[PDB]
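[1] can you look at this? It's an experimental structure, sequence on top.
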Number of protein chains: 2
Amino acid sequence: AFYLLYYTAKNXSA
Amino acid sequence: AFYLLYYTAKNXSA
């Protein structure tokens, strides 16, 4: 699985 | 700071 976490303002396990 | 982090096998701020 692809795990993605991000923080841009805004905070995103397939 | 902003950031993105990811994990798949691969493992990636301002």
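    Great, that's in hand. Residues are numbered from 1 along each chain as shown, chains lettered A, B, ... in the order given.
[2] how far off centre is stretch A:5-14?
    Put simply, stretch A:5-14 sits 3 Å off its chain's centre (C-alpha atoms, centre = their mean, to the nearest Å).
[3] swap that for stretch A:3-14, please
    For stretch A:3-14, the distance to the chain centre is 2 Å (C-alpha atoms, centre = their mean).
[4] what's next to it, contact-wise?
    Here stretch A:3-14 makes contact (C-beta atoms under 8 Å, 6 or more residues apart in numbering or on different chains) with A:1, A:2, B:2, B:3, B:4, B:5, B:6, B:7, B:8, B:12. Every C-beta, even on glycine, is put in place using the N, C-alpha and C of the backbone.
[5] and these as CSV, adding neighbour count and secondary structure?
    Below are these laid out as CSV (neighbours: other C-beta atoms under 10 Å in any protein chain shown; DSSP: H, G, I helix; E, B strand; the rest coil):
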residue, neighbour count, secondary structure
A:1, 6, coil
A:2, 10, coil
B:2, 9, coil
B:3, 10, strand
B:4, 13, strand
B:5, 12, strand
B:6, 13, strand
B:7, 13, strand
B:8, 10, coil
B:12, 13, strand
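[6] sounds good, over and out.
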